[PDB]
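Here is the structure we will look at.
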Amino acid sequence: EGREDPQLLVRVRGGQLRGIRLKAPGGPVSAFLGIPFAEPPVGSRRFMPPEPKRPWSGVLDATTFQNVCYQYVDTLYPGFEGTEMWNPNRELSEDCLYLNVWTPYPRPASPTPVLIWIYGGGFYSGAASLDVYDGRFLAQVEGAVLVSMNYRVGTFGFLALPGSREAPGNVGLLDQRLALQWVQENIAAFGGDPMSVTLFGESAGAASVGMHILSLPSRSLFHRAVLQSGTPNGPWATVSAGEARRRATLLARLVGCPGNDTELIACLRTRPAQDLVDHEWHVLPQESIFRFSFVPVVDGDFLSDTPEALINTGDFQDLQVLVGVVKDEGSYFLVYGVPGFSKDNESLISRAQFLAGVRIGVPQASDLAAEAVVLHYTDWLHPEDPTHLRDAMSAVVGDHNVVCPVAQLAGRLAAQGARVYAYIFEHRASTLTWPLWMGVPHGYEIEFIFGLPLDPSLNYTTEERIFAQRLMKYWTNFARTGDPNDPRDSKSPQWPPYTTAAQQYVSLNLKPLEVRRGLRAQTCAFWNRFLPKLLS
Amino acid sequence: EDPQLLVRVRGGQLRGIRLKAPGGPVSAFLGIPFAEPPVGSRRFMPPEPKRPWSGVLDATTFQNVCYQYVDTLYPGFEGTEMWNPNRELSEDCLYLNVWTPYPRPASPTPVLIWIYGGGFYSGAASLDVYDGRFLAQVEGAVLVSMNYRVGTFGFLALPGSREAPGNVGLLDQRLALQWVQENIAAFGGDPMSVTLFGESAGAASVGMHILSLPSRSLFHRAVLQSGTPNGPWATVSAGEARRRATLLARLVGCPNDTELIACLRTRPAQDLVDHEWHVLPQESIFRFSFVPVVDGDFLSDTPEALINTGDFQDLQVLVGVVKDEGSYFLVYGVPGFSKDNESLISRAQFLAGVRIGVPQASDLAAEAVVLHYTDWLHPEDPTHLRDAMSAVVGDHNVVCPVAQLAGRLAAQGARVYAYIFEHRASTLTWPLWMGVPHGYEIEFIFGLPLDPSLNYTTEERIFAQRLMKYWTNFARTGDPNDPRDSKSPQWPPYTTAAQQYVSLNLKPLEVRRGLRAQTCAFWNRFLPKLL
Ligand SMILES: Nc1ccc2c(c1)c(-c1ccccc1)[n+](CCCCCc1cnnn1CCNc1c3c(nc4ccccc14)CCCC3)c1cc(N)ccc21
Ligand SMILES: Nc1ccc2c(c1)c(-c1ccccc1)[n+](CCCCCc1cnnn1CCNc1c3c(nc4ccccc14)CCCC3)c1cc(N)ccc21
Ligand SMILES: *[C@@H]1O[C@H](CO)[C@@H](O)[C@H](O)[C@H]1NC(C)=O
């Protein structure tokens, strides 16, 4: 010390860190990457809740991203940006409990609102190091303190033998909670305000944000929340204690593990990480799409009851939520799983293929429930039309898994005291490599919220750069005040809060804000009110 | 003595009356007997052909109206009184009426046979709305209308019994169709070009003549206005007919079939009318006590089975509905509804109404109805709930059974033409919320706006003329389109692929696609699966 940049030297509870000065289009940013927040969850610690990281001696280098949590790498379309952009960009390791911090350069003089990003990837994949989650633009342009963490995914994060000591479940959510705890204690050293923390996430990340809202020990660690294309409630974000027990026992059999839970978990702990990844998908109860094997469990601990019971009975008076969806939530889920669908053709399907797809898309549906889905989504004027059937299939999956669980959450939070702001993202990136029939697929709003169009080397249009700047302003104004609206800008269209009376939401596209009413109201009344009665 | 008023039919000589229509005279032969009076021992029995008479039979006045329940709900109210009997009630009522141009046509003329509605418990061929004089004068048509037995008299059945076999009111109708074949040529009518037309229970009757082989040889074309043989109200099973006749017998103090039927035959007509409504299995609306029975005789199977398996290649059918089929059915039966207030109902009142409107519906089926018809943007809005209640009743009872019939006839070889009547008579005394209620297109088809004393607008007179042309062109050719009008828009046939129908209102024809397609997929495909 003494020859290095004094603006990049910081101390945390665990010790000294050395960060890196990064270039963002408009100027420098301070980045502290790969900070350890927990004891490596390896060996005897596999399946166990995280332990806080013991202090270190000397200056820890925090200039590079750390290991990505052990997961299944997508090799479906080799060289394809559409799939490769989501793949791990660092080495896979069980030693992965690290977090990243981006702050303005020089570090802010007064306490600054903090944004904590929780990534998606069906609770089996993801990393905080991906290029779409780059906090440098938000830190530079908006002056934000951005934090992102790695949490255990798959069997490593969510394999549960409910009631056991050794594998209690939801440990990946506890990794997230420990990083929220770390922010409270240490973010002030970076110029961050621990008294103004906003959680934001997408897909499984949004479901994770939702589970922090529904779990009392997490509520003291944040003030506001953003749930993008994901919710704690719904058909995929959780499993029962019985279902998690079933899936962990089946995986144990599959890898040669046999009679109490201690014996079974000890044997699972001797298995190489890849053996577990190789059998992960083989525990699903049916042929399905938008279903993940190891997800949060309703344990009676982290989740005191189902997220459905919790959202219907909870008091959310003190809460501000920003929720929303993309135009085509379900389109991507059809390419691996539904026969007749491909990214390399227009995917014009037959009626038989549509009926077959509804059984895959709604796997828990009875013959009668699936018929109600088919009859609702058929256009009885053109019941055999291949383009309509193709789109209806996308809508079934999108509506069942995302839009209607989002509408249900917005409705319940608003009715029970929260301040809700709802959106629909309708802009398809000019740079998208997925076919046009897929529209705006699941996760393709992220690059805009994070401000990637501001980098001139990424070849986005001028319109897309102005639009990204607009979105970065909505998100950070929401983090700052609990309202996405700019107080100085009187002229710009206001984003009204979502209410049960008016059911107002906005469209996020290249045009100025548009206020719309009812988030897929007739269709979501079918999924949220009728279909549960067709489970009797 | 006018030679244009003396006709010799197989039963003997008749004398009509020269009537005045706006444009000129018409010949009318009213109250012609077509059957032996169905009185005494003949009560509940199939009709017998009328024995010949001596001299010249007077046919200058309408005859007795078949014995029925008279609506006394709103006394002096045009809205209800226009449907009430306008002649004396009697069991001696099997008479028909004939209207022809004056002088009688020189060449054989297409015949239109009108079959009235009234839930199979009421109606008469003598009502002012069924006046054939305009169609006879303006279009040169030979119009025939008959009285058929209604209520217990026409449809009380002890299935399998010889003395009360059921469907005798439909046999009264069939005998009048037989009479037309045998005698219409004496009036200048073409027995080889006979079109049946009817509304509500009359349309369901027309539909039952299509589905019953011995009737099929008596007509060539058909018009089903706001009614169908299929659906929840037009028929009952042999079992249901049996319990209702047994219950009614018990209610009037009666007493095996022979014994029970003989006791019923000793009862005065009004004693049977007094208990008629008390045999319905639930609190319901758009449900009638004595209706056609699936006997395995007149109806060889249910109208559903018959419409799904029938060959209709040789048939031309004109079908349609009115804008607000169910609105009227809500005033007597559904709490919160009235003709004297705007009927803005609550959510509770709507859920309660769905149980009355869909009486066969289980708790789950009724919930599916509620969830489908609720506007989830305004789920508590009283105007939406009021209007949704009207739609439930109209869709369940008329629009979706009509869509189902049109789809099946088209798929199985018929030529079908479908419409929606959206014009509300300027003269209507029912409140505005009721819109275009059940039966208010009839006065337009019959050409009543052409009479200047009835106070209809000029627009309504041009519109009635248009409709009279559609109906008579359909009777003439099996196509409602005018070959004279070498201008657009043409009325396309309804097909299962294109699902084309037209709107009948003051504006020129508009071609629309799918008759409430999504909603009727719910009633016709999903709801039957519950259970
Ligand atoms: N060997 C084997 C054996 C059995 C099965 C499988 C493979 C695979 C598979 C195929 C290709 C790549 C990865 C997994 N899937 C398909 C699983 C579908 C996962 C889709 C998903 C859901 N959340 N993240 N992902 C993948 C991660 N990538 C994405 C992510 C996001 N959006 C995306 C948009 C397009 C393309 C990829 C995206 C937003 C959030 C971050 C992750 C299965 C699906 C089922 N139901 C059963 C068995 C298997
Ligand atoms: N004393 C007693 C005991 C129990 C019950 C009743 C009466 C009455 C009743 C009330 C007034 C008049 C007649 C019957 N209704 C209600 C029945 C409503 C029948 C509605 C109907 C169906 N088809 N024709 N009509 C009546 C005839 N009038 C009309 C007709 C048509 N359109 C109309 C439009 C508006 C008003 C009247 C119209 C087109 C076809 C010709 C007949 C009941 C209904 C139920 N469900 C149970 C018991 C009774
Ligand atoms: C698209 O490709 C898949 C896989 O090759 C195939 O099953 C499907 O039938 C194709 N669809 C069209 C419309 O060509």
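Please note that chains go A, B, ... in the order of the structure tokens, that every chain numbers its residues from 1, and that ligands are numbered from 1 in the order shown.
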Contact table chain B vs chain A, cut-off 8 Å, shortest pair per residue, only C-alpha atoms, as a tab-separated table:
```
residue	atom	partner	partner_atom	distance
B:364	CA	A:533	CA	7.6
B:367	CA	A:530	CA	7.7
B:368	CA	A:530	CA	6.7
B:371	CA	A:530	CA	7.0
B:372	CA	A:522	CA	7.7
B:375	CA	A:522	CA	7.0
B:376	CA	A:521	CA	5.6
B:377	CA	A:518	CA	6.0
B:378	CA	A:501	CA	8.0
B:497	CA	A:381	CA	7.6
B:498	CA	A:381	CA	7.2
B:499	CA	A:381	CA	7.3
B:513	CA	A:381	CA	7.5
B:514	CA	A:381	CA	6.1
B:517	CA	A:380	CA	5.8
B:518	CA	A:380	CA	6.1
B:521	CA	A:375	CA	7.0
B:522	CA	A:375	CA	7.4
B:525	CA	A:375	CA	7.9
B:526	CA	A:372	CA	6.8
B:529	CA	A:368	CA	7.7
```
Notebook entry, point to check: Quick one: residues within 8 Å of ligand 3, with only C-alpha atoms and all ligand atoms, as a ChimeraX atom specification?
Noted result: /A:339-349
Item checked: Sel. of alpha helix (DSSP H) residues, range 29-130 of chain B, as a ChimeraX atom specification -> /B:78-81
Note to self: Between CA of residue 34 in chain B and CA of residue 92 in chain B, what distance in Å does the model show, to one decimal?
What the structure shows: 11.3 Å
Next item on the list: Looking only at strand (DSSP E or B) from DSSP on the backbone, list the matching residues of range 77-152 of chain B as a PyMOL selection string.
Entry: chain B and resi 89-90+95-101+109-115+142-146
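Each of B:140, B:239, B:119, B:353 was checked against residue 290 in chain B using only C-alpha atoms; the smallest atom-to-atom distance is that of B:119.
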Notebook entry, point to check: Near residue 215 in chain A, within 10 Å and counting only C-alpha atoms, which residues show up once chain neighbours fewer than 2 positions away are dropped, as a PyMOL selection string?
Noted result: chain A and resi 210-213+217-220+301-305+307+310
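For the atom pair formed by CA of residue 170 in chain B and CA of residue 205 in chain B, the distance is 6.9 Å, given to one decimal.
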Note to self: Set the distance at 6 Å and use only C-alpha atoms: which residues neighbour range 273-290 of chain A once local chain neighbours fewer than 5 positions away are removed? I'd like the list as a ChimeraX atom specification.
What the structure shows: /A:247,360-361,363
Let me see the file: selected residues, C-alpha atoms, as a CSV table (one decimal), in the first residue's frame.
```
chain,number,residue,atom,x,y,z
A,247,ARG,CA,-37.3,-35.7,-5.5
A,360,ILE,CA,-46.7,-30.5,-21.3
A,361,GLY,CA,-47.3,-26.8,-20.5
A,363,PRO,CA,-48.4,-30.8,-16.4
```
Margin query: Which residues are close to residue 464 in chain A, i.e. within 9 Å by only C-alpha atoms, leaving aside same-chain residues fewer than 4 positions away? Reply as number ranges by chain.
Written below: A: 429-430, 448, 453-454, 460, 468-469, 510
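The nearest approach to ligand 2 among the residues B:451, B:380, B:1, B:199, with only C-alpha atoms and all ligand atoms taken into account, belongs to B:199.
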Item checked: Distance query residue 390 in chain B at most 8 Å, only C-alpha atoms, self and fewer than 2 positions along chain excluded, as a PyMOL selection string -> chain B and resi 324-327+330+386-388+392-394
Would you mind exporting C-alpha atoms of the selected residues as a compact mmCIF listing (two decimals), in the first residue's frame?
```txt
# COMPACT_ATOMS: atom_id res chain seq x y z
CA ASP B 324 -81.53 -9.27 -26.06
CA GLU B 325 -83.15 -12.73 -25.91
CA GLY B 326 -83.02 -13.05 -22.10
CA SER B 327 -83.94 -9.56 -20.83
CA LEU B 330 -85.66 -11.67 -15.72
CA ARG B 386 -77.69 -6.53 -15.04
CA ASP B 387 -76.59 -6.97 -18.72
CA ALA B 388 -74.53 -10.16 -17.94
CA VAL B 392 -76.58 -15.74 -19.45
CA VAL B 393 -80.33 -16.44 -20.04
CA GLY B 394 -80.32 -15.44 -23.74
```
Residue 494 in chain B environment, 10 Å, only C-alpha atoms, sequence neighbours closer than 4 positions dropped, as a compact mmCIF listing (two decimals) with C-alpha atoms, in the first residue's frame:
```
# COMPACT_ATOMS: atom_id res chain seq x y z
CA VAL B 317 -82.95 -23.07 -43.25
CA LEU B 318 -83.13 -19.37 -42.16
CA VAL B 319 -82.15 -19.06 -38.44
CA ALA B 406 -76.75 -23.74 -37.57
CA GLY B 407 -73.37 -25.48 -37.19
CA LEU B 409 -77.32 -28.34 -40.21
CA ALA B 410 -74.51 -26.67 -42.28
CA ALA B 414 -78.29 -27.94 -45.34
CA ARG B 415 -78.21 -24.46 -46.83
CA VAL B 416 -78.28 -22.17 -43.80
CA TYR B 417 -78.69 -18.36 -43.50
CA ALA B 418 -78.20 -16.78 -40.09
CA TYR B 419 -79.11 -13.34 -38.69
CA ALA B 498 -66.57 -18.94 -42.23
CA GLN B 499 -69.49 -18.76 -39.69
CA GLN B 500 -71.11 -15.80 -41.58
CA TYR B 501 -74.33 -14.14 -40.39
CA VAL B 502 -75.90 -10.72 -41.01
CA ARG B 513 -68.39 -13.81 -38.41
CA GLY B 514 -69.02 -16.24 -35.57
CA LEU B 515 -72.31 -16.08 -33.68
```
Margin query: As a quick test: using only C-alpha atoms and all ligand atoms, which residues lie no more than 6 Å away from ligand 1? Give them as number ranges by chain.
Written below: A: 74, 76, 82-83, 86, 120-122, 203, 281, 288-289, 291, 332, 336, 442-443
